[PDB]
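# Structural characterization, general
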Amino acid sequence: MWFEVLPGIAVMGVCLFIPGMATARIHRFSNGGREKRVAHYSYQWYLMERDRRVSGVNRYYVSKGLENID
Amino acid sequence: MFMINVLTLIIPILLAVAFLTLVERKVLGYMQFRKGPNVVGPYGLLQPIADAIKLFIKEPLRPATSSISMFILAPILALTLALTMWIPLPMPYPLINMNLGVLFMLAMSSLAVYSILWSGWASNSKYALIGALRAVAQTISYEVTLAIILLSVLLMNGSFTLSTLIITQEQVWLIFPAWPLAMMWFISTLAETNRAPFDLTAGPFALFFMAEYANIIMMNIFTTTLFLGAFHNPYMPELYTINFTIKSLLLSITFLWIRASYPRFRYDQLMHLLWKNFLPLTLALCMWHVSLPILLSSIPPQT
Amino acid sequence: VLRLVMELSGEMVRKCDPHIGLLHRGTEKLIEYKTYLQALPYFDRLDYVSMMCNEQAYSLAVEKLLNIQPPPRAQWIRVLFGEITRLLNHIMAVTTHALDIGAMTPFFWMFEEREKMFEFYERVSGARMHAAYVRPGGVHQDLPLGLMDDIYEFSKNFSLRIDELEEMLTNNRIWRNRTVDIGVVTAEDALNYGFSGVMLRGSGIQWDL
Amino acid sequence: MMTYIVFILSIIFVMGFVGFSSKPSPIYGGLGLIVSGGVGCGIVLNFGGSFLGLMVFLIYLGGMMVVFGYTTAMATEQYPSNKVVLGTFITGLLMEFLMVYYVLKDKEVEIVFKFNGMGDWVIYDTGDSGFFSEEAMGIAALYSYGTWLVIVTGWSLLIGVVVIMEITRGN
Amino acid sequence: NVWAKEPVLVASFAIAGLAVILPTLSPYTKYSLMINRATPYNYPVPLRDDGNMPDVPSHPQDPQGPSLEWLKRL
Amino acid sequence: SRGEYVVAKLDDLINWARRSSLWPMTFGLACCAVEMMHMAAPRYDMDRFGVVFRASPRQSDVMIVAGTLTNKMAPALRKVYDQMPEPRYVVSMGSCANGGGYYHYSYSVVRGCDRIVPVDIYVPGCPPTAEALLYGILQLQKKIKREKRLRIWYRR
Amino acid sequence: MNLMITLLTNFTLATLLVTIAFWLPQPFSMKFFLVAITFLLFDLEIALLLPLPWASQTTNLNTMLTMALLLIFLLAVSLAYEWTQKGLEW
Amino acid sequence: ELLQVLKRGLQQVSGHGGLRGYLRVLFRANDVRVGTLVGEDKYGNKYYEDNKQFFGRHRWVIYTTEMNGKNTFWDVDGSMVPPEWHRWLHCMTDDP
Amino acid sequence: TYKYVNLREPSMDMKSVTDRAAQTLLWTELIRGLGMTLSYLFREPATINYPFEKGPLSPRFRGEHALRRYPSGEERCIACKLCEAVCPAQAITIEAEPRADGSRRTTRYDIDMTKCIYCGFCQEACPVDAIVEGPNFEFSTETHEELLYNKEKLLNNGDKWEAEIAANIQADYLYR
Ligand code: SF4
Ligand code: SF4
Ligand code: SF4
C-alpha cells in the first residue's frame with residue numbers, strides 16, 4: 001500500500017523542513033538569543049542606529065537596560 | 001554566517017527536487033496501478049541520485065547551435081531565477097525582510113518568460129521556434145491574471161511585507177473570505193509551472209528540468225504562506241515550520257494529483273477560456289474587493 | 001506509423017496529404033504464393049487490435065465457398081470470441097484515443113482488464129495475441145474445462161469497471177469541450193466516401209451487417 | 001565593494017547603452033537593454049528606490065523587452081562579427097574611458113556644465129523620521145488628488161487599444 | 001434567459017453591479033472615514049497658548065478636546 | 001595499486017548509474033508495439049526498473065525497435081537513430097524485426113533491422129511475450145554491468 | 001549589497017553547475033501578435049491599478065472608490081470592446 | 001487501529017529471524033512477505049507460497065548465492081529454477 | 001433493434017438550469033473525477049514482482065521449440081518433413097539420411113528463430129510428437145548467430161528437460 005510512498009514524501013518533507021528552522025537558529029545565534037531586528041521605516045532604522053551607538057560595543061543587541069541610568 | 005544562510009537555502013533544493021521527481025513517479029504509480037521505483041534500492045532515493053548522475057554522465061547535445069554564448073546564457077538564467085526566488089519566503093523568518101516582495105515574485109516570473117523565449121530562439125530550426133512561441137504566449141497570458149488576483153488578496157491586508165501576511169492569517173484562513181479568487185489563483189499557478197492539463201507539445205535537459213520543479217515548489221510555498229496556514233508563537237519556530245511543510249506537501253501532492261487525470265486542452269480553448277472567462281471574473285472580484293473593505297470598516301493598518 | 005504532410009493557414013489548416021504506405025508488407029502477394037491453411041495467420045495479423053474477427057471472416061469466406069457449415073457449438077464459441085474481440089478492440093481504441101488526447105490514467109485501468117483478457121487467450125490456445133485458433137471448418141482444439149466460469153467472473157467485474165470508466169470521463173467538462181464540435185459527417189458523405197460500421201452508426205443511418 | 005558603487009554601476013549602465021547602440025542583431029539588442037535595465041534598477045535602488053525601481057523591472061524587464069524579443073523572433077531573420085558595429089563599440093568604450101579618467105585624476109569635467117567630480121554620498125537624508133518610505137505615500141496619492149491625471153492616462157491606453165486593432169484590421 | 005448560455009459573465013456583472021451600488025446603502029462608510037482620519041502620522045503639533053479659548057485642552061487627560069470613544073467599544 | 005582500485009570502483013559507480021534508470025524511446029511500428037504497451041501495463045511494471053516510457057528521441061538511452069521495418073521506413077528510422085546521444089543501445093524486439101520474420105521472402109522489407117542499426121539485444125517472439133521482453137531488458141542490464149570502459153581507459 | 005551577495009552566490013553556483021556539467025563528459029500570423037499587444041496594454045493598466053493598496057488610507061475615500069472603479073471599468077470596456085469586435089476570434 | 005498494523009507488520013520483520021535477516025531480502029530485491037516456508041531445493045533456491053495474496057503473488061522464488069557459481073546473490077537471472085519448479089511457479093498447477 | 005444516444009434537451013426548469021450553472025461556475029464533476037482517482041489510489045495496486053514472481057500461463061503455451069525422445073530410446077523424429085511442409089515461414093530445414101542401422105533419420109534439422117512466427121502448426125502436424133513447442137520463453141540473445149538452432153541444440157534443449165513437456169502433454173493430450 002501507500003505505506004511505501006510515505007518514505008519518499010517523508011524524506012522530501014524533511015528536506016523542506018530544514019532550511020527555515022536552521023535559518024531561525026542562525027538568526028538567534030547571530031544576536032545571542034535575540035531576534036534580528038526588522039527594518040522597514042526610517043524611524044526603526046534610526047532607533048536601531050542610536051541603539052547601536054549607545055551600546056559601546058557598537059552592536060544593537062546588547063540592549064543595555066537600566067544599568068546606565070545615573 | 002550569511003553565506004552559510006544562503007547555502008543552507010540552496011543546498012536542500014537539489015534534495016527537494018530529486019525527491020520530488022521520485023515522489024511524482026511513485027504517486028502516479030499509485031494513482032495508476034503500479035508500484036516502484038523500488039528495485040533501485042529501498043524505495044528508490046538512490047533512484048533520483050542515479051538518474052541525476054546519469055544525465056550528467058551522458059554525452060551532451062553537440063552544437064548545432066547559433067551563438068554558443070546565448071545558448072549557454074538561457075538555462076543559466078533559468079536556474080539562477082529558480083534559486084533567487086526563495087529569498088523573501090518566510091517560513092517564520094525569511095532570509096531578507098523587504099518593503100515589498102510580491103512584486104519581486106511577479107518580476108521573476110517574467111524573467112522565466114525570458115528564459116523560455118531565449119532558449120526558443122537560440123534553439124533550433126523553425127518548427128520548435130513556433131512551438132516555443134506559442135509556449136511564451138500561453139505563459140504571458142496568465143501573468144495578467146495572477147498579478148490581478150494576488151493584488152486583490154493582499155488588498156485585504158494592504159501591506160507588502162508578507163510577515164504582515166503571516167500576522168493577518170492568524171484568525172481565519174484567508175481561503176474563507178476569498179475562495180474563488182484563491183481557486184483561480186491556483187489554476188494560474190498550474191499555468192505558470194506549465195504542466196498538465198496545459199500543453200507544451202532543448203538542452204541541457206537537467207537545467208530545464210530543475211527550473212520546472214523548483215518553480216513548482218516556489219509556487220507551492222508561496223501559496224501555503226498566502227492563503228492558509230496557522231499561527232507562530234515566537235521562540236518556537238519548529239511548530240510553524242512543521243505545519244507549513246505539511247500543508248505545502250499536501251498541496252503539492254494535490255497539484256500532481258490534479259495533473260494525473262486530465263487531458264490537455266486545445267490551444268484556442270486555452271486562450272479563449274482565459275480571456276472570456278477568467279478575465280471578467282477577475283475584474284468582478286477586484287471591484288468587489290475594492291468596494292468592500294471601504295464598506296465593512298475594515299481597512300488594514302498599512303503602517 | 002503514418003506520414004502527414006499538411007498545408008495550413010495559421011493554427012488552422014487548409015489541406016492534408018496522408019502519406020500512408022509506410023507499413024506495406026506485401027500480404028496479398030505472399031498469400032498468392034501459399035496455401036489456405038498455411039496463410040491464415042497473415043489474415044490474423046494484417047489487423048492486429050481486433051484479432052479473432054479477422055480469423056472469423058477468413059474462416060467464413062472459406063466455409064461459404066466450400067459449402068460447409070460448422071457444428072453449432074463451434075458457431076456459439078466463435079460468437080463468444082467475436083464478442084471478446086469486439087470488447088477488446090473498442091476498449092483499446094477508446095484508451096488510445098484517451099492517451100493521445102491526453103488523459104494518462106484510464107488507459108492503464110482498462111489495460112489491466114485487457115491483461116485478464118490476454119490470460120483468457122493464453123488459456124484457450126496459448127498465444128498472447130495472434131492465436132490462430134479458428135480454422136476454416138470451425139474452431140480447433142476446444143477450451144479446457146474451467147474457462148466459462150472465468151469468463152462469467154470477467155463479465156461481472158468488467159461491468160463494474162466500465163461503469164467506473166463512465167464515472168471518470170463522459171461529463172468530463174473539458175473532454176467534452178475537447179471533442180464535441182469537430183468531426184461532422186453528412187449522410188451523403190457517409191455513403192460516397194464508403195464508410196463502414198461505427199461511422200455509419202454515428203452519423204445517421206441505422207446499419208449493421 | 002566600497003563607497004563609489006553608485007558610480008561604478010553607472011559605468012556598467014552606460015556600457016550597456018553603448019552595447020546596443022552599436023546596432024547588433026536586435027535580439028542582442030534585447031539582451032543589452034535587459035542588462036542595462038537591470039543595472040539601472042540597481043542605481044535607483046541605491047537611492048532607494050523602494051518601489052519605483054522594482055516597478056520598472058516588471059514593465060520593461062517584465063512586459064516590454066518580452067515583446068521586443070517576441071517581435072525579433074517573429075519578424076526579422078538575422079541568418080548568419082562585423083566592422084562597423086564593434087568599431088563603434090570600441091570608440092564608445094574609448095569615450096567613456098576618457099571621461100571617467102578625467103573625472104578620476106582631475107577636478108571636474110565639463111560638457112557645458114560643472115560636474116563636481118567625486119562619488120556621491122552627497123547628498124542624502126540626515127536620518128529623518130520618514131516612517132512611511134515617502135515614495136510609497138507619494139504614489140499612495142493619485143486617487144485623492146489625482147483626478148485628471150489618471151483619467152487621461154487610462155483614456156489614452158484605451159485609445160491605444162482601439163488604434164492597435166484598427167491598424168491590425170479593425171474591426 | 002441567457003443564464004443558461006454564458007453564465008459566468010452574468011455572475012460577474014451581478015457582483016460588479018452590487019459592488020457599484022452597495023456603498024450607497026451603507027451604515028458604515030462614515031465609520032470608515034472617521035477611523036481613517038483619526039490616525040495621526042506626523043506630530044500633533046501644539047500651538048501658542050491663549051486668546052483664552054475654551055478649546056485645545058492643557059492636560060492630555062482633559063476631555064474638552066476631540067477624542068475617540070467608539071474605537072474601544074468596537 | 002589503489003589507483004587501479006579507484007578506477008574499478010568509480011567505473012562500477014558510473015556504469016551502475018547508466019544501467020539504473022535507462023529510459024527508452026518506444027519506436028513501435030506494429031503489434032509488437034501493442035505488446036510493449038502491455039508491458040507498460042500495471043501488471044508487468046516499468047517504474048521498478050527506473051524505466052520511463054517516453055516518446056522523446058533527444059534523450060533516448062536504449063531504443064526498442066519493434067514492429068516491421070520497411071524500405072519506406074528505413075531512412076527515417078536511421079535519421080531517428082542519428083539525433084541520439086552516442087551512449088546508446090538497441091533492443092531488436094520481435095521476429096519481424098530481428099531477421100525479417102514472417103514477411104521475410106518479400107519485397108519492401110529490409111531483412112531484419114540488423115541491416116540498418118547495430119543490435120545489442122535480440123528478443124524473439126510474435127509477439128515476444130511481455131514477460132520475455134522484460135527478461136531481455138534484464139539481460140541488457142547485465143551486459144551494461146560488464147562494459148569495462150574505464151578499465152580500458154586507465155590501462156590504455 | 002546583501003541581496004547582491006545572495007544573487008552573486010546563486011549566480012556563481014549556477015555557473016559552477018553548468019560548466020562542470022560541460023567540462024566533464026567530453027512565416028508569422030497576426031494572431032500570434034494581437035495577444036501579446038493585448039497583454040502589453042492590459043499590463044500597463046495593471047501598473048496603473050497596483051498602487052491601489054497603498055492608497056486606501058487617506059481622508060478622501062469616496063473619491064478613491066470612484067476613480068478605482070473608473071480604472072477597472074475602463075479596463076473592462078477595453079476588454080469588452082475587443083471581445084465583441086472580433087479581436088480574439090479564430 | 002494503526003497500532004494493530006505495525007504490531008502485525010513487524011511479524012514479517014522479526015519472524016524472518018532478525019533485522020539483518022530483514023535487510024537481506026529487502027536489499028536483495030524487494031520482498032518482505034516472508035512467513036510460509038514451503039520448499040527449498042538443491043542448487044540452493046527456496047520456494048514460498050502464501051494463500052492470502054492474489055493470483056500473481058502466490059508462488060515466489062528466493063534465489064540463493066552461486067548455484068552455478070557466478071555470484072548470484074546480486075544480478076539474479078531468470079531460468080535459475082529446475083523444470084518441475086518451472087511448472088509449479090508458473091501457476092500451471094495447484095500442488096508443489 | 002436500436003437504442004440510441006444524445007436525445008434530450010437541457011431542461012428549462014429553474015432547478016436544473018441553476019444546477020448546470022453551479023457545475024459551470026463551481027468546478028464540481030472535475031472534483032468527482034478526483035474522488036474516483038483517489039479511490040484507485042487507496043486500493044492496492046496489482047503488480048507482480050517480475051524476477052521472482054512470474055505471471056501465470058496455460059499448460060499449452062508455445063515457447064522453446066524443444067524435441068522429445070522415446071523412453072530410454074532414440075530420437076523421436078522420423079524426418080517425415082511434415083513440419084517443413086507446413087511451416088508458414090519455412091524456417092524448418094530438414095535434410096534426411098538413413099544411418100548404418102536402417103531406420104530412416106535425418107541429417108540437418110534447423111529452425112530459424114527469426115522466421116519462426118510460433119504457430120503451433122508444426123506441433124499439430126507432427127505425427128509422432130517429435131517437435132514440441134516448449135514451456136519457457138527466455139532467449140534474450142545478444143548475437144544473431146546464436147539464434148539459429150541446430151538439431152544438436154534442439155536435442156540438448158530436449159534433454160535439459162522432458163519433465164515439463166511430459167507433464168504438459170500428459171495433462172493435455174486429450175484436447176488435441
Ligand atoms: S513479430 Fe508478430 S507481433 Fe511483432 S510486429 Fe511482427 S507480426 Fe506483429
Ligand atoms: S513432423 Fe515431426 S517427425 Fe515429421 S519431420 Fe517434422 S518434427 Fe520430424
Ligand atoms: S511454429 Fe510455425 S513458423 Fe515455427 S517452426 Fe513451427 S510451423 Fe514453422
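Where the PDB entry is consulted, chain I appears under the name NDUFA1, with the organism given as Ovis aries. This entry carries the title "Ovine respiratory supercomplex I+III2 open class 1".

The PDB entry annotates chain C as NDUFB11 originating from Ovis aries.

Now for the arrangement of the chains. The interface with the most contacts, out of 22 pairs of chains in contact, is the one formed by chains B and G. One finds no contact between chain E and chain H; the C-alpha atoms of the two approach each other to within 46 Å at their closest.

We now examine the site of ligand 1. All residues in the neighbourhood of ligand 1 are listed as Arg45(C), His130(C), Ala30(F), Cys31(F), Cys32(F), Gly67(F), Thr68(F), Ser95(F), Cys96(F), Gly125(F), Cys126(F) and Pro127(F). Mapping the residues adjacent to ligand 1 onto the chains of the assembly identifies chains C and F. For the shell around ligand 1, a count of residues per class yields 6 nonpolar, 5 polar and 1 charged.

Turning our eyes to something else, we now look at the site of ligand 3. The environment of ligand 3 is formed by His65(I), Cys87(I), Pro88(I), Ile92(I), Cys116(I), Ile117(I), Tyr118(I), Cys119(I), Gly120(I), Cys122(I) and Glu133(I). Class assignment for the residues of the shell around ligand 3 results in 8 nonpolar, 2 polar and 1 charged.

Residues and elements named next belong to chain F. Taken together, 4 strands build an open sheet; the order of strands is 1-2-3-4 and the sheet is parallel. Every other strand in the sheet has two partners, leaving strand 1 (25-26) and strand 4 (121-123) as the edge strands with one partner each. Of the strand pairs in this sheet, strand 3 (residues 89-93) and strand 4 are connected by 3 bridges, and their pairing is parallel. Across the sheet, residue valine 91 finds its bridge partner in strand 4, namely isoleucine 121. Contacting strand 2 (62-65), strand 3 and strand 4, helix 4 (residues 130-145) crosses the sheet at an angle of about 165 degrees to strand 4.

Here we take up the packing of aromatic side chains. Applying the stated criterion across every chain yields a total of 46 aromatic pairs over all chains. Aromatic pair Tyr41(A) and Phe131(D): ring centres 5.3 Å apart, planes at 40 degrees, arrangement tilted. Linking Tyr41(A) in the loop between helix 1 (6-29) and helix 2 (42-54) with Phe131(D) in the loop between strand 2 (115-116) and helix 5 (135-139), this pair reaches from one chain into another. Assessed through its relative accessible area of 27%, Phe131(D) is described here as partly exposed. Where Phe17(D) meets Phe20(D), the ring centres are 5.5 Å apart and the plane angle is 85 degrees; that geometry is what we call edge-to-face. Of this pair, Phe17(D) and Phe20(D) both sit in helix 1 (residues 5-21), 3 residues apart, which is roughly one turn of that helix. An aromatic cluster is built from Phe107(C), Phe108(C), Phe111(C) and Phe53(F), whose rings are joined through pairwise contacts. Directly above the ring of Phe108(C) sits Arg34(B), whose terminal nitrogen or CZ lies 6.0 Å from the centroid. Over the face of the ring belonging to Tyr105(F) we find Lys115(I), whose NZ or CZ atom lies 5.3 Å from the ring centre.

Rules behind the numbers
- Residues numbered from 1 in each chain as written, not as in the entry; some residues may be left out.
- Chains lettered and ligands numbered in written order.
- Part of a larger assembly, values for the part shown.
- Heavy atoms only, no water.
- Contact = heavy atoms within 4.5 Å.
- Near = heavy atom within 4 Å.
- Nonpolar A, V, L, I, M, F, W, Y, C, P; charged D, E, K, R; others polar.
- Pairing = 2+ DSSP bridges.
- Helix = DSSP H or I, 4+ residues; strand = E, 2+ residues; numbered from the N terminus.
- Axes fitted to C-alpha atoms, helices over the stretch in contact; angles between N-to-C directions.
- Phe/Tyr/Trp six-rings, centres within 6.5 Å; stacked < 30°, edge-to-face > 60°.
- Buried < 20%, exposed > 50% of the residue type's maximum accessible area, 1.4 Å probe, protein only.
- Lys NZ or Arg CZ within 6 Å of the ring centre and 35° of its normal.

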